[PDB]
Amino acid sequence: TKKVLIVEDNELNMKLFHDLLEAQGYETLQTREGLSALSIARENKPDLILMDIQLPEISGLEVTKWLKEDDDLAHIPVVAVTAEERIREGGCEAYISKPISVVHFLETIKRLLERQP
């Protein structure tokens, strides 16, 4: 089963993302903090990271830089959740804007998670 690490401080958004991903048969890991996301990634090896760029304590883009600096985490695709240029340059594979489109969101994540090994 593929696992998606969701980094989102907002309860409503976290629940929406979790519900949508669970419906697809994916397992999820959850946290509201950028630093914790790094720790969790090293302890549970997620297959994709859904990163809110607008976290209250830190920029998700700075967290993404730390991910790319780690030899074990650099390969994990990161999808930014923003409220394209900056995100792509930051190391994110794609971006999802809010209000999010359910189909666009799922298509984007499946495209990155479901490809021949």
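Position 1 is the first residue in the sequence shown; the rest follow in order.
- Compared against other deposited entries of this protein, residue 86 counts as often unmodelled, lacking coordinates in at least a third of those that resolve the residues around it.
- In the deposited sequence, the stretch from residue 83 to residue 84 hides 4 to 9 residues that have no coordinates.
- For the segment pair 74-82 and 87-95, the entry gives 87-95 the higher mean B-factor, averaged over Cα atoms.
- Of the two segments, 15-23 and 98-106, the one listed with the higher mean B-factor is 98-106 (C-alpha atoms only).
- Highest CA B-factor among the listed residues (59, 36, 44, 28): 44.
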